[PDB]
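Side chains are part of it too, since the values below use all heavy atoms of this structure and drop only hydrogens, waters and symmetry mates. Below, read A as the first sequence line, B as the second, and so on, with proteins coming before strands; counting in each chain starts at 1.
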There are 2 protein chains.
Amino acid sequence: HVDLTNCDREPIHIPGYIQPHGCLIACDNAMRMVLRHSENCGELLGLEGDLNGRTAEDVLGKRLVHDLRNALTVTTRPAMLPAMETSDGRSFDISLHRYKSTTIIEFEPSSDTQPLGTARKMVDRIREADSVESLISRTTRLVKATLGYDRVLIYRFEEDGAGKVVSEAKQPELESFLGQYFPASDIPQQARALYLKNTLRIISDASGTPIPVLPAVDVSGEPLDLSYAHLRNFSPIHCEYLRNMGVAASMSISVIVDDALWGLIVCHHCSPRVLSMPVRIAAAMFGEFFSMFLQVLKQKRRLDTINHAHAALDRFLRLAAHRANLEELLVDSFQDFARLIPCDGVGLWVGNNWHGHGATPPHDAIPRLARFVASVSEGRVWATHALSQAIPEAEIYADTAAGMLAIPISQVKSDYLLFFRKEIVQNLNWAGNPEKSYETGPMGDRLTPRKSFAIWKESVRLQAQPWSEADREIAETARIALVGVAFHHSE
Amino acid sequence: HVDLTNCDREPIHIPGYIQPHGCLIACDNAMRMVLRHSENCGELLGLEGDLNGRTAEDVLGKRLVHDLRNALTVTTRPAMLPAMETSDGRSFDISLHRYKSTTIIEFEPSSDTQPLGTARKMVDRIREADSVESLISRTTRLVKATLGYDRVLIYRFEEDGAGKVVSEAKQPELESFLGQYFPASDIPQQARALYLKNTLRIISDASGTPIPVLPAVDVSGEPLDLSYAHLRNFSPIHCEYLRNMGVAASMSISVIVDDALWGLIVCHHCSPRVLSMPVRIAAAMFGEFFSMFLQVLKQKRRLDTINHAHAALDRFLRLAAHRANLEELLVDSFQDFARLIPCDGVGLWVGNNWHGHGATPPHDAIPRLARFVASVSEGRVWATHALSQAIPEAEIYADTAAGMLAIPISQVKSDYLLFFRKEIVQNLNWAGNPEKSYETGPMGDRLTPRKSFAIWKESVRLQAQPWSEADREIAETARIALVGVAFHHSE
Ligand SMILES: *C/C=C1/C(=C/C2=NC(=C\c3[nH]c(/C=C4/NC(=O)C(C=C)=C4C)c(C)c3CCC(=O)O)/C(CCC(=O)O)=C2C)NC(=O)[C@H]1C
Ligand SMILES: *C/C=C1/C(=C/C2=NC(=C\c3[nH]c(/C=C4/NC(=O)C(C=C)=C4C)c(C)c3CCC(=O)O)/C(CCC(=O)O)=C2C)NC(=O)[C@H]1C
């Protein structure tokens, strides 16, 4: 039994059911015996009675079982064998994998597509992208145009597991989710684990009748682990979510960057839709290449950002050599440091005087902030995205400054360069329809984009966009530059 | 009791003794009572009998104890108070710290030096260094010339904890240790922990008589933790080591880069030598600035290396667009990839054919290597610095190729770009005297640079310089570039 109270701990990897667009035979480690089969094995393969306790060759044939064994010898990465013939001539696309010393064989009614042909075209059209923004924009349009889904989204995962819709291609009539966030809880840990293990996740029909796997549990009290099975059935919580959205079918492509789940390319259809194995092989290869190219572009962006910071700081050090009074130069220049680190406001606290630029806390609030920084900084870069958690009084000015990064600019005195960010809801660029409502099921309106967004908004109240690893790395380089030149000018 | 069998686990933080160039009073958390004192407190401070069980004001005076309390209010970072007067007029330099709710007060006969003055001069002469090599070279000469020690060394710690002498300034008559390594065991874990906690480590006189702390253990069976005490006595294992080398005095400055112990600036003197507190304050500030500047230069070098790799790969991709046959271009070009990653040889394994450049394994050995790579690679970058640990047969050609980094250049076929490194002893640039022998003590010749070096050499037999994080990051960018263009050219 699963509901909104325990769906975070739902064992979605052992659901005991498969999707009706194919049938599944479980065999022992060596493909000698048939241990489990799907109820619909009879209909598709055209066999009669129980398949459990029979031998692999008896059910499939000496010819086919020979090919399956040889594919298995040349890891849990499933082998894809299109257009395989049974004993009685019938044609099937077959997914073959071994996991927990159990051989799983998945059967699909068989296509004349070239997997590498489709993929090469798609991969050529993204390979020449020169920015993350250009890669992400074109990929949704390209995937929508090639695979013909009603909506293609890209989610990027935030540090706190939350998802942001960073790109969208859709039918004109459908409502936009572009710039909308969902909370971490909308994709449980076990789901993220499976997204990390399988490139593709197919849902052919949300309204389809799930086919049970017999037996559900074996003699030793073990369920069949469907972690790597493409026919694995979906959570009824997600089923209701898609039904509430008017979504009948989905295909997710996992984006792996630096061996972490960066996000998903997700294709939604308003009517039932399953792609054939050859199209799924193409889409998987496209996914791998999309992931690799994004990785290199992310790396390039980082290098460019850090180089820009070094250039800007060298420019400043050149000026600092010529000016006699360093404090005068900082008072004149501090706003220019806003270029180094993305921020909504910057400030200088020097000789117990304050100078502000952009969205900063109010004048009266600063001496408090400066003392707090002095106490916790310990002559190192200090940063928080949640200022009110550190200073409850800061709650009052969170709309203007919810996050703060502090850079010490003197080894001796308690002088600081302060960077500020508004609370994240202030910087929202959401292209969705707020009047658009959603039909609900038994589980309630929790399973609607509208409530998902509302819950995320509540979870980031009085919080700013967190300071990235790059932001802190640049802050540290700036600290060393300013502390160094301050020492050269000291007496 | 400590010897060569248990000196790796020697509790050097609780030795029960101090060095004779100062005296130490331990007080309670609030500096109300005197719990422990050094035997030589009587001589230096000019007091009589036992100081333990007396009150702080009774022993030092209401005036001095007031100043010590107020310094303590404005963390375990010791406060440095030069030229402090006792009740009876006598002048002392005082180190004051609180650790494990115990107040430790260290007394030195008092100097008229300006700490910031000395430091500013030294720090100005290193601030303008534009390479790690230029910073490291000039620092040994500069420190030798300023602080007047017979020898100044910089050790850089290898991944395996081993130390390399990367810079040296010495008296002409002394033997050079430049390019020499010492094994990780020559500096135990507890010693590295204290080097990380204290910027400076002083040894005034290796032949000096250690002054005991009374009581050594208190009523509750607790020793005095001297972790942050500058007067803390040194291990008799290290004492014998310095004696064997002809070293009477030492001062180490800790190099902290990215919150890790990068290495030590170490000053050796052939006669006893203690610097006054003001000179030690200057040397500590110089240490902090040396560490910060090295951090930024390390960061710059990394950026330049990765940028150079991106430029080189863009150049290659431009060529790959114009050539019809990609395999011909790789056969013509592969040696040029030697510029991306430091290596002694590079090779191409394409269509079951081998092409070698520089120090590679012999022709006959390659098919074996290629199969092994194919089995473990899993279409990812594979690297080892110890090839014989992976392939025992590789032992035979270790002098030529002890380390290997493998880059897959095809998503489909098992084609590889292979980078090789000779075993590390082949690339030694040691400037030392091999005929130079050393006097030994009871503990044996283990405590000699000669045996230290010999032990390190044995520990890295059949091993190459390990592949850095930067080497792997570039290998991964190269993989994506080559796999990408190979896909564009596939059929
Ligand atoms: C407590 C458990 C919940 C839950 C579980 C699951 N979610 C799964 C998939 C899923 N969920 C979302 C969330 C969305 N939020 C939106 O606002 C929105 C649309 C605008 C969506 C789609 C996403 C994005 C996904 C990924 C797939 C997709 O995008 O279609 C999931 C796994 C499904 C599977 O087996 O493939 C589980 C389990 N979702 C909840 O909301 C809660 C309550
Ligand atoms: C089993 C314990 C051993 C041990 C302990 C300690 N070593 C400490 C300091 C130390 N040791 C070395 C090693 C050197 N190897 C050389 O070849 C060489 C000279 C060319 C040296 C100096 C170094 C470099 C150091 C750092 C200080 C310095 O360079 O002078 C040590 C701490 C000392 C302290 O309390 O300050 C301990 C403890 N050393 C061994 O060799 C072994 C057996």
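Under the 4.0 Å criterion applied to side-chain N and carboxylate O atoms, A:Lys164 and A:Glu158 are not assigned as salt-bridge partners. A salt bridge does not link A:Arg141 to A:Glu168: none of the charged side-chain nitrogens sits closer than 4.0 Å to a carboxylate oxygen. Salt-bridge formation is detected for the pair A:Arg36/A:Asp218: a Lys NZ or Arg NE/NH1/NH2 atom is positioned less than 4.0 Å from an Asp or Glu carboxylate oxygen.
Using a 30° and 60° split on the angle between ring planes, A:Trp456 and A:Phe453 fall in the parallel class, below 30°.
Side-chain rings of B:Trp349 and B:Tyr416 stay apart, their centers remaining 6.0 Å or farther from each other. Between A:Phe182 and A:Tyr155, the gap from one ring centroid to the other is short of 6.0 Å.
No donor-acceptor contact under 3.5 angstrom links the side chains of A:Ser38 and A:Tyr17, judged on distance only. When only modelled atom types and interatomic distance are considered, A:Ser250 and A:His268 share no side-chain donor-acceptor pair under 3.5 Å. For the 3.5 Å distance criterion, the side chains of A:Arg446 and A:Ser185 qualify, holding a donor opposite an acceptor. For the residue pair A:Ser137 and A:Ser167, no side-chain donor N or O sits within less than 3.5 Å of a side-chain acceptor on the partner. Side-chain contact of A:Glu175 with A:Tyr438: a donor-acceptor pair under 3.5 Å is present, judged by distance alone. In the model, A:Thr440 has no side-chain atom that pairs as donor or acceptor with a side-chain atom of A:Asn244 under 3.5 Å. Under 3.5 Å, the side chains of B:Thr477 and A:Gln299 contain a donor-acceptor pair of N or O atoms.
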- Are A:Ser95 and A:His230 close enough, and set up right, to give a side chain to side chain donor-acceptor pair (under 3.5 Å), and what steps lead you there? CA-CA 8 Å; A:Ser95 320; A:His230 84 265; 3.2 Å; yes
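Checked by atom type and distance alone, the side chain of B:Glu327 never pairs as donor or acceptor with a backbone atom of B:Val350 at under 3.5 Å.
Legend: residues meeting ring pair (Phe, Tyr, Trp, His ring centres under 6.0 Å) with B:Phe419, ordered by chain and number and at least two apart, are absent. A:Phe234 is linked by a ring pair (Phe, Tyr, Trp, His ring centres under 6.0 Å) to nothing, counting only residues two or more places apart in sequence or in another chain. Looking at residues two or more places apart in sequence or on another chain, you find a ring pair (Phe, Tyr, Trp, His ring centres under 6.0 Å) between B:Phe372 and B:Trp382. Under the rule for a side chain to side chain donor-acceptor pair (under 3.5 Å), the partners of A:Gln180 that lie at least two apart in sequence or sit in another chain are A:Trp430. By the ring pair (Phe, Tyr, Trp, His ring centres under 6.0 Å) test, A:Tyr149 pairs with A:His269, sequence neighbours left out.
Under the 4.5 Å side-chain criterion, counting only non-hydrogen atoms from C-beta, B:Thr384 is in contact with B:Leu387. Here the side chains of A:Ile18 and A:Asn40 are in contact, with some heavy-atom distance below 4.5 Å. A:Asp93 has its side chain within reach of A:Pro278: a pair of non-hydrogen atoms, C-beta onward, lies under 4.5 Å apart. The closest side-chain heavy-atom distance from A:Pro236 to A:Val2 is below 4.5 Å.
Listed by first then second residue, pairs satisfying salt bridge (charged side-chain N to carboxylate O under 4.0 Å, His left out) with a partner in residues 272-298 of chain A read A:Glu108-A:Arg280, not counting sequence neighbours.
Among the candidates A:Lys197, A:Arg232, A:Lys100, the single residue satisfying the salt bridge (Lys or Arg N to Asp or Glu O under 4.0 Å) test with A:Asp225 is A:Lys100.
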